[PDB]
Amino acid sequence: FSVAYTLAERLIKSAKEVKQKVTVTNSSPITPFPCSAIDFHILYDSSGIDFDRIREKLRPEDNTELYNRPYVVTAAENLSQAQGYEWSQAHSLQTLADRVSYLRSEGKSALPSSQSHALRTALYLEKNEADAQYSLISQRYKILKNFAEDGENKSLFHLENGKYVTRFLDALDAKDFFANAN
Amino acid sequence: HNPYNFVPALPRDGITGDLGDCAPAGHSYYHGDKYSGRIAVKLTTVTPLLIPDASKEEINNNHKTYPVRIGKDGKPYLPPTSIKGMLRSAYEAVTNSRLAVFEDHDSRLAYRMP
Amino acid sequence: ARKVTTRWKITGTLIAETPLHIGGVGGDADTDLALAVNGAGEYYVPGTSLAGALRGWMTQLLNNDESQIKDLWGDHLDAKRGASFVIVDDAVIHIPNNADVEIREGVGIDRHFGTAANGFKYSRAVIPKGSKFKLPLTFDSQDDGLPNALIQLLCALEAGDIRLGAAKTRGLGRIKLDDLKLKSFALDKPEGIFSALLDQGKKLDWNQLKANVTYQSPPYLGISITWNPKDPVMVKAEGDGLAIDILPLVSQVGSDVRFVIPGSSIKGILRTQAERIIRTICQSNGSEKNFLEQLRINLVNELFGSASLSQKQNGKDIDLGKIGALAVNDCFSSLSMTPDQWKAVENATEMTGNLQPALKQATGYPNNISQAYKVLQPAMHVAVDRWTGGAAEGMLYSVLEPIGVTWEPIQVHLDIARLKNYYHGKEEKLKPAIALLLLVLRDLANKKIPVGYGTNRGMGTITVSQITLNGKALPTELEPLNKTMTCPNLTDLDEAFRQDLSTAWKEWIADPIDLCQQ
Amino acid sequence: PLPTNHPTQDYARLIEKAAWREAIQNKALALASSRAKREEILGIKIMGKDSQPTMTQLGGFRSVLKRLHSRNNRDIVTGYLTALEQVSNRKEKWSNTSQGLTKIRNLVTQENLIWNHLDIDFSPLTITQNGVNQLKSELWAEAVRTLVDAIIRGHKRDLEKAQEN
Ligand SMILES: [Mg+2]
Ligand SMILES: [Mg+2]
């Protein structure tokens, strides 16, 4: 527990970065706009637990990071008058929760696990190779139009602050950690 | 008589039932209404029959001589493919199916002015 | 450390009795399924893969008893047990001289149209038959002597009852042990501990242990079908040739190549007829189903096996997958050719020219082509255009028909223990599965199941001369199976037995439940 | 680099081939992804719903290239192309390609050409002295097979898109 709580102290600091990217317009000194956000992990490890190692080990290329993980839970309506609105929409938890439903949707999987893991492997390559593998698949599985992020249905990556970033790997990680008694 | 003639391929637009185009019965199970099994057939020659073995052909001055094709038991080996194409084309004719083998035939043919 | 009364080094040569495939992570640009290679790129058997094959067989021997298996192979859960006493090393595979890794093509045939299903084309690299690797076992005995179950294991290896790697039901994976050697080090004592360091150990006569035990082979029914081709039987080679477009498939078998019908092909024709029988009885159509759903029908799911497929069928989560209780071997020709003798056939370029020397060589009639062409005969075919006659432009092709290649008897192995486990022990439930299998064999002998390429195009029809049924340890009500049959209609099986099977079969037809549903 | 006499030179060579093989595989995936590059490298192209040549013609070539285990097998692949080129109906199947039969003839018979299309900087992937020239000669046939395999796959799965419009 003492190790796992030290992560939660570091994850809260990442979630709490919204306190700088979404701000009340023309406030000065600039005040964070009220926005609620999550960051989460899912360890799958026995020892190491360094947030910095954890997050750089899935930032495989200098242009690319495989996580969109500081997710805004505030409704898009409340945020629409803050600065950083478009940023908050790219980071909205509903994007992750929607993508998880598509993975979970079905007498057989809409996107097979067999194919999700082909994409997963390619994401660790250069973006050119990652997009190459998606283009081998993107028309075989019509659900993949929903996982695209380019606005062209040809990449799982969208540009963000000059980086390339994806929700696809967060959705595969969190797929089984979106259960509710409701 | 010219040694060939033609049986007319009537156009089949608006044909119905089993003579028409239809989804095939398929191979998954024996249909209760449709017949399956073995037919035994005898084929007897009337004029002599050529079964030339192009593997054993001999060439002199560019002329090709063919022996008869023989089986492992030394009798003439009539190929099932030769019987199948005989029947298939005879079947297409009297059933008036599509023609199975039409080459492209998409060039304008040429003639000569008188 | 761990106390050890004696360390046994148990070693010998394992030989591939049929082609092996131990898979790596998969894909290699040359094939879809790719062999495991060690860090030096050498082909090898991972000790994990071999250790699991051995532990698996012991578990089937000890009737899935955990308690004894964990005392050899170790455990993680029980506070008393931990690490394994049997140690299995990695063993590099030495492929025969000049031989090389073969690629086996595979296709799935749509059960409705009778043609290759879309996407179901694959290829597998396989280690050729007769390849060798070292048996690399060590056993750290804490008691005195050697466990009898570990002696039964070594007897089973020498009997060739263990299969290793992939596609075990479809031709691959059989291994047999030769040259077993046992070295004992009495690590409990000074004379023994220095022997480990210097003297290289104490020999044991295996025959003295092999004399103190009876090898208990598990229930199985072996089926040997003796057959000859009535029309040329071949499986097509992987790609078009030069002088001949369509050439037979061949495989290395030690010093020589032989024509081969893969067990994948013989299994697939048998499965297809078994399903057609079941669907016919139920009048269940196959046309609306995709190929993975077409395959999945009753009894054949147990005999021929089913794909792994997890399902949350009832809030409970269950796997639909099970291995085939029925396995089939590759069938090779009696005729054989040196590897270069066939390379002369693959690389002939004139059907009437340099091809004729090559076939005279390979057929074994180097001076007598009219006998050579009673074994392998080139055929030419034309498509004839329907308006003009003659031949359709481009549509000329040729086949090397193995009109006279003689073939060895097909071996089918039915694992009665594996079915009986699927049916949770109830030997009453075998009779519908045994009834189905005998109906499939009845059609095979009646020319209803053609084999290989071109079955509708002048090839593939077989004459069956004899089916020999040879089961071991069969349950007493199936004991009448042990027979040699020569009537195609099974009339050599006792009428009371055929009438019993007919009764259990008819009772299943009247209600075709999932027979392994407890 | 390791000195040529160095004892671990044999072990370094195992590591290099692994780093080269994965580099070639990754680069071949990227180059197949773009229709201009498949056309540059093999001349293959998509024209409406049609494939140039038919996928069957690509498949036939590919089956022969499977036999290209070594440079001394390039006789096998060039032999196929000359027999193809000698039959008029088969040669014209590859008309409306961008020179495809010569481009294949070149890729198989010019030993430098595969490496110029892959265009990989191997300097970060080698540690043995004289490693680059050795590994190029060893992995040549595998690179040709990998690149042709990738291009035909990428072609077919773009052909499926133009087909499905
Ligand atoms: Mg593959
Ligand atoms: Mg030819």
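Its PDB header names cryo-EM as the technique used to obtain the model and reports a resolution of 3 Å.

Draft legend 1. The arrangement of the pattern of salt bridges in detail. Evaluation of the coordinates by the stated rule reveals 50 salt bridges over all chains. The partner of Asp21 of chain B in a salt bridge is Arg12 of chain B, with the nearest N and O atoms 2.1 Å apart. In this structure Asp21 of chain B comes out as exposed when scored by relative accessible area, which is 53%. Exposure remark for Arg12 of chain B: the relative accessible area of 19% places this residue in the buried category. Note that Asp21 of chain B and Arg98 of chain B form a salt bridge whose closest N and O atoms lie 3.1 Å from each other. Of this pair, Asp21 of chain B sits in the segment before β1 (58-60) while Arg98 of chain B sits in the segment after α1 (80-95), placing them 77 residues apart in sequence. No difference in accessibility class separates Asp21 of chain B from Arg98 of chain B, as the two residues are exposed. Three or more residues are tied together by salt bridges with common partners; here these are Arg111, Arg271, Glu275 and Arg279 of chain C.

Draft legend 2. Structural detail: the environment of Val382 of chain C. Counting through the fold element by element, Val382 of chain C comes out in strand β17 (residues 377-382). In sequence terms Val382 of chain C and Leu396 of chain C are 14 residues apart; their C-alpha atoms lie 4.8 Å from each other.

Draft legend 3. Fine view of a nonpolar patch on the surface. All names here are of chain C. A cluster of nonpolar side chains, contributed by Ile193, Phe194, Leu197 and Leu198, occupies part of the molecular surface with about 420 Å² of accessible area. Tracing the sequence through the fold places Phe194 in helix α4 (residues 190-199). Judged by relative accessible area, which is 46%, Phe194 ranks as partly exposed.

Draft legend 4. Region of interest: the arrangement of the chains. Contacts between protein chains span 4 pairs of chains, and they are most numerous for chains B and C. There is a clear gap between chain A and chain B: no contact, and 22 Å between their nearest C-alpha atoms. You won't find any contact between chain B and chain D; their C-alpha atoms come no closer than 12 Å.

Parameters at a glance
- Residues numbered from 1 in each chain as written, not as in the entry; some residues may be left out.
- Chains lettered and ligands numbered in written order.
- Part of a larger assembly, values for the part shown.
- Heavy atoms only, no water.
- Salt bridge = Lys/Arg side-chain N within 4 Å of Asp/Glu carboxyl O.
- Buried < 20%, exposed > 50% of the residue type's maximum accessible area, 1.4 Å probe, protein only.
- Helix = DSSP H or I, 4+ residues; strand = E, 2+ residues; numbered from the N terminus.
- Patch = residues over 30% accessible without salt bridge, like charges linked within 9 Å, V, L, I, M, F, W, Y side chains within 5 Å.
- Areas by Shrake-Rupley, 256 points an atom, 1.4 Å probe, with all protein chains shown as cover.
- Contact = heavy atoms within 4.5 Å.

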